[PDB]
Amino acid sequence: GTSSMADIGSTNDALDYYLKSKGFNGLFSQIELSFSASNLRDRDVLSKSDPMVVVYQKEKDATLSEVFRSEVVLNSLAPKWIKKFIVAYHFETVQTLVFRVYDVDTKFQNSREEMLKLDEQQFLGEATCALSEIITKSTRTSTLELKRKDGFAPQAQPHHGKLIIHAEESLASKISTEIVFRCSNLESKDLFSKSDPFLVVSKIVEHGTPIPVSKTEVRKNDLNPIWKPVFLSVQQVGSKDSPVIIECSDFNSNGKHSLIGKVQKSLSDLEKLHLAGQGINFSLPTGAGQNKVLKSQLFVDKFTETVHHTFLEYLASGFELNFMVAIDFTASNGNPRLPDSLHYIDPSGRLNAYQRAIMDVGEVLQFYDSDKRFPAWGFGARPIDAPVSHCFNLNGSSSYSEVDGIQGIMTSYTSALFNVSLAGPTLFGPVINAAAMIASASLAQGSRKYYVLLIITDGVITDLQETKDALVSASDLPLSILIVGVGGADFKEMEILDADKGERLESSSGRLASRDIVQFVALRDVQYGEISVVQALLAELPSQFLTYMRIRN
């Protein structure tokens, strides 16, 4: 193809970076819950029973859907249920589950569990927790006390047994396939010139364009290329027996790449080829409907299914995510005592935009920290008698920023609101350096903490440059940053910071960001807790965490 060494070098650099960011992209995680119980009792007597556990998904409106039902264990004082509950793990949401244990009537000893009516059985007890509560325990086991509504009695409330829940990440959901592709005698469509080839693997759609799933670097002047390994998860392809498209293409710096050849094979087919050591011939499309077999061949030099080191694997090795907050206290918000202030504290208890953001993020992240000691800052306000502070402790102390839990953040926030003067201008630099300073200390002390700083703002920043510089410096530290914009301001200048919408950050000194650590979204505050545009922001955090873990040195 037609291109300089520099064009090739740079397209490859762009690809390396994108691969580090996506990661071993596309393992959606599944968790196996297994169940046992002890001391099951309707009243004060422990006797043989026929226990069954039923699991409900609790919605935000408190509605319950049945999602699982164990087999009935017969004649038992301590059931160990055989059937496991496989549930999808979504890091970005709190997954509330309700567990109900029943003693099945003996007249249904020979029944399938699916056919049992719960009203016809003896309800023993109920317990509730989040999925994230179980997977973050060091033993991955939770013991929950079964309770009933007896009337009313928080203290004198009898126990009806213990439910023991063990969680394990399913092995199948951790697998990715490493493939080294090789080609033989490639012919570029451009005559009298050697090919500059790359591969693209695509998942097939019916009657519309196939979705790029994987891509190799470009090799310069290679008729018989051996590419670096590409990685593919089962979700990226569909199944191991689903055919994918593999296209060999000639790289042109003008961005219009010519097809060298194409094959259609399943991941299973590729494994067979690899073990046999056999090549397959490429094809080009010819006359609307027919293909032409080429001399050129595709080989599979390596094909290895590996258990990837997943987010859940790191949690199990004692890594934590530690939430941080930084709140805009500039005058642009309006005086907190005004009903139309973005910081208005409604007497009825309704949460303002800042409070909604804190809860939407913190309600999820709280489960990943054992200490629950969250640094909390304000910026752009004048404390009593002092000059404007661009990083002050919400808790009002001079020596430490940490507060106790989400509640601690919420109370420090309302407390700060009526103890400072909203000022100006808007700066992110100082708070980012404060978070960086903590992350850096954690790194040097060989701690296993990864920080997530939520910055909430209602306007554009003044110190765009020193912000970029601070983000770049921070990109080597165990820190992710979420930026939420509240109110109706125009946040166009914010998007240059976003991982998705923006571009790789460059320092003023010329240095580039090791990885993307920043996401921005505008809370377009019409939302009552429905679409929850924050969720998407949380979804990217495990990737960022894993990227940090791969890069770090």
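One rule holds for the numbers: they count along the sequence shown, beginning at 1.
Of the two segments, 108 to 116 and 200 to 208, the one listed with the higher mean B-factor is 200 to 208 (C-alpha atoms only).
In this entry, the higher average B-factor at the C-alpha atoms falls on 526 to 534, of the pair 539 to 547 and 526 to 534.
Note on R515, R69, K492, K48: the highest value goes to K492, judged by CA B factor as recorded. In this entry, the residue among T128, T457, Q290, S132 with the greatest C-alpha B factor is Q290.
Ranked within its chain, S507 lands in the highest third, by CA B factor from the PDB record. Compared with the other modelled residues of the chain, the Cα B-factor recorded for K58 ranks in the middle third.
In the deposited entry, the Cα temperature factor of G26 places it in the highest third of its chain's modelled residues. For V484, the recorded CA temperature factor ranks within the middle third of the chain's modelled residues.
Annotation for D103: CA B-factor lies in the lowest third of the chain's modelled residues.
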